[PDB]
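Peer 1: Experimental coordinates follow, after the sequence.
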Amino acid sequence: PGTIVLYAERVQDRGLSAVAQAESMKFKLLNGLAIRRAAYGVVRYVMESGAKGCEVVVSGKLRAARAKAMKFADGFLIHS
Amino acid sequence: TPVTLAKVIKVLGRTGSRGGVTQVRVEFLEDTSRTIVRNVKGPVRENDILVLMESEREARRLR
Amino acid sequence: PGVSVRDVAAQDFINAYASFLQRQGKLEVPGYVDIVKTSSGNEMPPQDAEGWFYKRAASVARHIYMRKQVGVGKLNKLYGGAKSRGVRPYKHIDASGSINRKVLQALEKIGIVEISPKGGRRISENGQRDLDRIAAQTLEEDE
Amino acid sequence: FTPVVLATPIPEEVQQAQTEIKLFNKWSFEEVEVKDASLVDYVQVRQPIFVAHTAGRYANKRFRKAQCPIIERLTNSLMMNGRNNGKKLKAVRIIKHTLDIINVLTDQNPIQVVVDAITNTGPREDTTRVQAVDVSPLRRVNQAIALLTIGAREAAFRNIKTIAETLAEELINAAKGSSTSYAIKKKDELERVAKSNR
Amino acid sequence: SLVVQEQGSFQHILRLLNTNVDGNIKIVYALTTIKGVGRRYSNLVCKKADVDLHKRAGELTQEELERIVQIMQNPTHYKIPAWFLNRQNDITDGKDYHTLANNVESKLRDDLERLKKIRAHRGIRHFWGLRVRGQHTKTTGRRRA
Amino acid sequence: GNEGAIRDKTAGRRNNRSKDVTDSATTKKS
Amino acid sequence: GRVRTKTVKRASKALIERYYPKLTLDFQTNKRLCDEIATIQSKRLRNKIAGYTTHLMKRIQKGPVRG
Amino acid sequence: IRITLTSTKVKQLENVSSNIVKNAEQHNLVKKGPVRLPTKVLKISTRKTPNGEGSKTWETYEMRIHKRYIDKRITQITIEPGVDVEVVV
Amino acid sequence: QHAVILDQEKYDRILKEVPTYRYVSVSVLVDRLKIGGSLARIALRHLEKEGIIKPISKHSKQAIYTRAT
Amino acid sequence: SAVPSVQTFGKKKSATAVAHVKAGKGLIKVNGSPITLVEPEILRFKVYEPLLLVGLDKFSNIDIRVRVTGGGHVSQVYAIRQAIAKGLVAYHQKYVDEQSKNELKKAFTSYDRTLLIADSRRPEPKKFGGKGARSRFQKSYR
RNA sequence: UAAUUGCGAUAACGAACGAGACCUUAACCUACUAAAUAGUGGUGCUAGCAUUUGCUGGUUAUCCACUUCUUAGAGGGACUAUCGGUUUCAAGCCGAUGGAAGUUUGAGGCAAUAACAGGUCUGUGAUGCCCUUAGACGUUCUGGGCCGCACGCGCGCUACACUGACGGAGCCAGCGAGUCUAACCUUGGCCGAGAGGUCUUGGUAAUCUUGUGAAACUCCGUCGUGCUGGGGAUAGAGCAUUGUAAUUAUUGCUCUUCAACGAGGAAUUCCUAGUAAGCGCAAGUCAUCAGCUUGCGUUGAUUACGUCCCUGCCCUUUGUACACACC
Ligand SMILES: [Mg+2]
Ligand SMILES: [Mg+2]
Ligand SMILES: [Mg+2]
Ligand SMILES: [Mg+2]
Ligand SMILES: [Mg+2]
Ligand SMILES: [Mg+2]
Ligand SMILES: [Mg+2]
Ligand SMILES: [Mg+2]
Ligand SMILES: [Mg+2]
Ligand SMILES: [Mg+2]
Ligand SMILES: [Mg+2]
Ligand SMILES: [Mg+2]
Ligand SMILES: [Mg+2]
Ligand SMILES: [Mg+2]
Ligand SMILES: [Mg+2]
Ligand SMILES: [Mg+2]
Ligand SMILES: [Mg+2]
Ligand SMILES: [Mg+2]
Ligand SMILES: [Mg+2]
Ligand SMILES: [Mg+2]
Ligand SMILES: [Mg+2]
Ligand SMILES: [Mg+2]
Ligand SMILES: [Mg+2]
Ligand SMILES: [Mg+2]
Ligand SMILES: [Mg+2]
Ligand SMILES: [Mg+2]
Ligand SMILES: [Mg+2]
């Protein structure tokens, strides 16, 4: 003890980090918010948090449990 | 022992259903003005010579 | 003028030093050179019944001379070839260790090698000249 | 002949006998012409080489194999039948022996023996799969080397002969169209199948 | 330069340990005709009989002949170390042997009766014609015969 | 035990090869 | 085969269009000229462009070309 | 004194290679600037499926580690995360 | 049926035939005569005693000899 | 005193062959031994080639010290043959005039078996699915 | 064109994803910054042959110098350059010339949209629901089994030998791994046919193992076309090693037993340059056990530089009663 310390930092531009905005969606789904507007809300957040693009995707049992996967995305991404 | 002698001067194209053979026109190398077109087996280039005897039958496209 | 082993042909050198050592007849071979095959790697013993140990000893001397020092270990790898494992694949296996050691041991009661520091034997001053001299003769194997 | 020499030995079978004419191992390239023609500049016997081993890069464009000595591609065509593959060293040794055997079976010039071997080796026209066609000056040489090295290779397998003799054997053999030549045995008996079918 | 003539001294078709060995094979290998002798044994049993290995069986006259037979029957008494021998630590006597030409299959068949009789695993499998060194059977040893 | 097997006849190898192999051993692709 | 992508083509025409008097028919000169009058993020790109520009150049000076 | 230096960032540890190379000798002490050692590549090869089914497809991850040896209170002149730093006498 | 070791009902052939060949090698012998080969190698080695054969090159596997000097 | 030398190398695929060439009288040694002794020895002519192709005599006010590492028994001899050919023109550049240099340089390249350019060929990397880089494992379909 | 790659044609014009670019790795740098954990030259010290001064060695710093070889930072370098031939004289294809390099430079990493009831709950303290939860389908202990053998199938290893086997000798890689509350990689000495044993040693490693003196291979010999000294399956006997424990043999060693196999039917796999093929090697696994895999280097070619005949895919045209889409 004493040879180990921690510090803190508020996040800079909490929209431009996709783990802050990963649990973003874990949590308002833990508040049950409707899948589409749930996703559409976080992408409409990190779109004009100053990101060239953004895409949020989720797969599973939306509509009573046949498995689907809807994807929500705005802006510009590359993949290559 | 009638043996020809024919240098090519151009390679008309690609015959054989599998692309096996080319065609070429040749000059008979003693009386140079006769020129005949025939097809080959190996890789050929411009100006190579060949040895045959079938100094007619002038063959053409082939399935 | 100025003969050094490094200027001789490898094989015929060692093939003549094996005869100089058999002639000189005072290099101490052990009592089992009739019964052994020089590596688990091999299948048959060397069909040069009597000679073979002299060949080996000679070739060794010639090797430690051009190296700096050579331990019994490294010699076992040099001489060991590939084993034939039957219906399995051939991998490299070393040479007998008592053979190699007993020649390196019997090569200092002749004065040709001597226990270098860092381990292993090294060449000797006597050895250095014996070979530097024994080269010049088969060197002049031209009249 | 400029018999110069420096500190190191520099022996005298070499100091002169190729500085003055830089030939094959001890064998001369001059006045050995490619008697048969229309196969010249495809058989390379006129850019002298000593050992049938180069850092060759012959297989990048189609016909760089042409400017390859007929020898070093005759030696390549040996190390085959895969347990032999990639042993160029053994192959050069095989040939250096064969050239000596032919030179004491017929006290000719031995690379004339080899080119005079492949004159009548490769077909002058051939069968193919539906009628006859004609053969290119390079699938003459190439199948020629093939059918003969395969003849000398298969002649020695279970027979007490070596592979220097069988090679020299199948070489003067097809070097006088002798009809004891696996090469011309296929070659004599697959052209007449070429003028017959049509 | 052993071009030498070797007239009718050259003993054709010799016989030994109730066997026959062709006189035309080099000695060290001509010996391996005999169940019990391998190339490594027949190398040194011939070294201890002052045999000129360079030669072969029709040669190597009858004194060198029983000069090797005896080194073979008593290898342990001719500077031949024990490891070199095929049957050591016998299991009934405890000496070091080399079972030999007709006696190899005998004391092998004895070794199999040996443990068939004690009804132990190795022996059971030996009796079933099965394979006794733990290998797989599902795939191998097909065409049993 | 083992004596219950060793001299339990009818259980060696020609007691196997005697019988043909069940012809349902080359039959697959459900 | 070696055929030039649109990114290295449209950039070559875009250069010639408004720098013609200050280019010329040598790669190495245009190669170096590019590093100032335009931002490129990779060297092989830079060279690929400078090479097509130059290929264009040698032919525009043997006649005008469509675009 | 000898400073062996080792880090997993080619860029962020020629920082101190540079910030003592002649922070030494604008301050005029020493030479034998950075002696760069073989970059150790730590390769790990493994399949991609976590089950066994599928085309038998392999991956290999590298981890490169650069070390440099340049021969008590420019200790803390040289603090950048991810750059490991030691001494010897 | 070859002849492993010298018979000598088939030896005097070894000098009354060696120049009929202009090429001598272990195989030329076993092909033409019924020498073993094993010692034929030393037939040529020995036959090179006085030089009733001419050495032109020799090698671990191939020996090429030519009708005498 | 420090004898004036230039220094070159020769490369065939893994073999690096350093070569020191100073002003001397005849020493030509690969791996500390006379050049006449390299014994793969079908190829001994492939190490001799540079000397005869250019003329035995320009090697009198010479000396070559070569030692080779890497590759195998044949790639080392090729790294040798051109580690020294690449040095006889570094010594005719540093210490002699030019025209002579680009006369023997051209004497080689009239002939060049990679004799003063590195053969760039190198091993392709293996990939999963076969034993080689293009060799692929075999399979069944049923 | 490898490419929806481009030239063009154009009721389209202008663009985004993918391809390309990008990134890594192998190739050139006598040009920059450099070095006892890398080399090199000289120099002290020194050994041997010579003596004619020289050739070849030993000294971890004797002292100096240096950066060619080596390592790795910062850059340079290729753009298919130049010239010629075909060409809408367009994108481009080909030829020679130089050039380390001119086949997307070689090789890879990445990789769009949409989709399959493909695989995985036996990777997960990822998981819903059913199941079971103390005569437990939780867990732990002893022993057994996953390998059990009339047989069908798949991947392989070893071979049929003379372009070989064996004996001796020559001897050359690269990719890599390695011991703190520790027993890893192990030189060297000694002992043992061997396998192994024992006493020391270096190394948390460009520093010690290690020049990993690997194998193929090369040379010189013995054998000499004979299921032969090719081949090494099965099996008997013994000696060691790991391990609580080796029986149903873990592996290694030694002698003895010497099978099928004399080029493999119908059918069929992979392959275009340092490639195929051969050869070994490290790493994964691992107390022990590789005939497996992942990579490395050594030796190193024949044939192609084409076609759509065959299988497969792509685009277009076309038919359609299919849309759970020809299962
Ligand atoms: Mg003993
Ligand atoms: Mg070795
Ligand atoms: Mg060996
Ligand atoms: Mg084997
Ligand atoms: Mg097993
Ligand atoms: Mg040296
Ligand atoms: Mg490989
Ligand atoms: Mg497009
Ligand atoms: Mg893109
Ligand atoms: Mg140093
Ligand atoms: Mg020094
Ligand atoms: Mg060129
Ligand atoms: Mg690249
Ligand atoms: Mg399913
Ligand atoms: Mg899972
Ligand atoms: Mg499982
Ligand atoms: Mg299982
Ligand atoms: Mg598989
Ligand atoms: Mg054997
Ligand atoms: Mg051998
Ligand atoms: Mg003992
Ligand atoms: Mg046998
Ligand atoms: Mg027994
Ligand atoms: Mg392992
Ligand atoms: Mg496995
Ligand atoms: Mg492997
Ligand atoms: Mg429709």
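Peer 2: Nice, thanks for sending it over. Numbering: from 1, shown residues only, chains lettered A, B, ... in the order given. Ligands and ions are numbered 1, 2, ... in the order given.
Peer 1: all strands for chain B, in order.
Peer 2: B:7-15, B:21-27, B:35-39 (DSSP state E).
Peer 1: quick one: the longest one near RNA strand K?
Peer 2: What it means is strand B:7-15. Yes: under the criterion of Cβ under 7 Å from any atom of the strand, strand B:7-15 makes contact with RNA strand K via residue B:14. No exception for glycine: its C-beta is placed from N, CA and C like everyone else's.
Peer 1: Relative to the whole chain's centre, how far out is that strand?
Peer 2: Computed by Cα atoms, centre = their mean, to the nearest Å, the chain-centroid distance of strand B:7-15 equals 7 Å.
Peer 1: What is that strand packed up against?
Peer 2: Contact here means 3 or more Cβ pairs under 8 Å, 6 or more residues apart in numbering or on different chains; DSSP states H and E; on that basis strand B:7-15 packs against strand B:21-27, strand B:35-39.
Peer 1: Where does the closest residue in space to residue J:83 that isn't next to it in sequence sit: helix, strand or coil?
Peer 2: Distances taken as Cβ to Cβ, 6 or more residues apart in numbering or on different chains place residue J:10 nearest to residue J:83, at 2.7 Å, with adjacent residues excluded. Following DSSP: H, G, I helix; E, B strand; the rest coil, the label given to residue J:10 is strand.
Peer 1: can you tell me how far residue J:10 sits from residue J:94?
Peer 2: 18 Å (Cβ to Cβ, to the nearest Å).
Peer 1: Give me the more crowded residue out of the two.
Peer 2: residue J:10 (27 against 13; other Cβ atoms under 10 Å in any protein chain shown).
Peer 1: If the more buried one is in a bridge, with which residues?
Peer 2: Using DSSP bridges, the bridge partners assigned to residue J:10 are residue J:17.
Peer 1: Correct me if wrong: it contacts residue J:77.
Peer 2: No: in this structure, residue J:10 is not within contact of residue J:77 by Cβ atoms under 8 Å, at 10.0 Å.
Peer 1: would you list every one of the helices in chain C?
Peer 2: Assigned by DSSP state H, chain C shows helices spanning C:10-24, C:52-66, C:72-79, C:97-106, C:125-139.
Peer 1: So which of those helices is nearest residue J:110?
Peer 2: Counting by Cβ to Cβ, residue J:110 lies closest to helix C:10-24 out of the helices of chain C; the figure is 34.7 Å.
Peer 1: now what about the closest one, what contacts it?
Peer 2: C:5, C:27, C:51, C:54-55, C:57-59, C:61-62, C:131, C:134-135, C:137-138, J:37, J:39 (Cβ atoms under 8 Å, 6 or more residues apart in numbering or on different chains).
Peer 1: In chain F, which residue sits closest to ligand 1?
Peer 2: Using Cβ to the ion, the closest approach of chain F to ligand 1 is made by residue F:2 at 41.2 Å.
Peer 1: likewise chain G?
Peer 2: For chain G, the residue closest to ligand 1 is residue G:44, as judged by Cβ to the ion, at 69.9 Å.
Peer 1: for the chain, what spans make up the strands?
Peer 2: This is for chain A. Here chain A has its strands, by DSSP E, at A:53-60, A:68-75.
Peer 1: wait, chain I
Peer 2: Going by DSSP E, chain I shows strands at I:53-58, I:63-67.
Peer 1: what's the most buried one of those strands?
Peer 2: Comparing the strands of chain I by mean neighbour count (mean count of other Cβ atoms under 10 Å in any protein chain shown), strand I:63-67 ranks first with a mean of 21.
Peer 1: Tell me how far that one lies from the chain's centre.
Peer 2: Remark: strand I:63-67 is offset 9 Å from the chain centroid, using Cα atoms, centre = their mean.
Peer 1: Can you give me the buried ones in the lengthiest helix in chain E?
Peer 2: Looking across chain E with DSSP H, the single longest helix is helix E:103-117. Buried residues in helix E:103-117, counted by 16 or more other Cβ atoms under 10 Å in any protein chain shown: E:103, E:104, E:107, E:111, E:114, E:116.
Peer 1: ok, and what's touching whichever helix or strand comes after it?
Peer 2: Downstream of helix E:103-117, the next assigned helix or strand under DSSP states H and E is helix E:121-128. For helix E:121-128, contacts defined as Cβ under 8 Å, 6+ apart pick out E:112, E:114-117, E:131-132, F:2, F:5-6, F:11-13.
Peer 1: Is it possible to get JSON lines of these that adds distance to chain J?
Peer 2: As requested, those are exported to JSON lines (distance: Cβ to the nearest Cβ, whole Å):
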{"residue": "E:112", "distance to chain J": "42"}
{"residue": "E:114", "distance to chain J": "47"}
{"residue": "E:115", "distance to chain J": "43"}
{"residue": "E:116", "distance to chain J": "43"}
{"residue": "E:117", "distance to chain J": "48"}
{"residue": "E:131", "distance to chain J": "28"}
{"residue": "E:132", "distance to chain J": "33"}
{"residue": "F:2", "distance to chain J": "42"}
{"residue": "F:5", "distance to chain J": "39"}
{"residue": "F:6", "distance to chain J": "42"}
{"residue": "F:11", "distance to chain J": "36"}
{"residue": "F:12", "distance to chain J": "35"}
{"residue": "F:13", "distance to chain J": "31"}
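Peer 1: From those residues, pick the one nearest residue I:65.
Peer 2: residue E:131 (54.8 Å).
Peer 1: Any idea how many residues pack against the spatially closest residue to that closest one that is not a sequence neighbour?
Peer 2: Computed as Cβ to Cβ, 6+ apart, the closest residue to residue E:131 that is not its neighbour in sequence is residue E:141, at 5.9 Å. Residue E:141 has 13 neighbours, counted by other Cβ under 10 Å.
Peer 1: Could you check how far the one residue sitting closest to the centre of chain I is from residue D:167?
Peer 2: The residue lying closest to the centre of chain I (Cα atoms, centre = their mean) is residue I:44, at 4.3 Å. Between residue I:44 and residue D:167 the distance is 20 Å, computed by Cβ to Cβ.
Peer 1: List the contacts of the residue nearest to the spatial centre of chain G.
Peer 2: By Cα atoms, centre = their mean, chain G has its centre lying nearest to residue G:53, at 2.1 Å. Counting by Cβ under 8 Å, 6+ apart, residue G:53 touches G:12, G:15, G:16, G:23, G:30, G:34.
Peer 1: What are the boundaries of the helices in the chain?
Peer 2: I went with chain A, as the question did not name one. A:20-29, A:35-47.
Peer 1: Chain F is the one I meant
Peer 2: F:2-6, F:14-17.
Peer 1: pull the CA atoms of the first one into PDB?
Peer 2: Going back to what we said before, that points to helix F:2-6. Coordinates of each C-alpha in helix F:2-6 appear next as PDB, following Å, rounded to 0.1, in the frame of the first residue of the first chain:
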ATOM      1  CA  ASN F   2      -8.400 -65.100 -17.300                       C
ATOM      2  CA  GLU F   3      -8.800 -68.900 -17.300                       C
ATOM      3  CA  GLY F   4     -12.400 -68.200 -17.800                       C
ATOM      4  CA  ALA F   5     -11.400 -66.600 -21.100                       C
ATOM      5  CA  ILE F   6      -8.200 -68.300 -22.300                       C
END
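Peer 1: Who's the closest spatial neighbour of residue A:69, skipping the chain neighbours?
Peer 2: In space, residue A:69 is closest to residue A:59, 3.4 Å off (Cβ to Cβ, 6+ apart).
Peer 1: which residues touch residue D:176?
Peer 2: Contacts of residue D:176 by Cβ under 8 Å, 6+ apart are residue D:116.
Peer 1: Could you tell me which residues of chain A lie near RNA strand K?
Peer 2: Counting by Cβ under 7 Å from any atom of the strand, the residues of chain A that sit close to RNA strand K are A:66, A:67, A:69, A:71, A:76, A:77, A:78, A:79, A:80.
Peer 1: And the residues you listed, which is closest to residue F:29?
Peer 2: Nearest member of the residues of chain A next to RNA strand K to residue F:29, counting by Cβ to Cβ, is residue A:67, at 30.1 Å.
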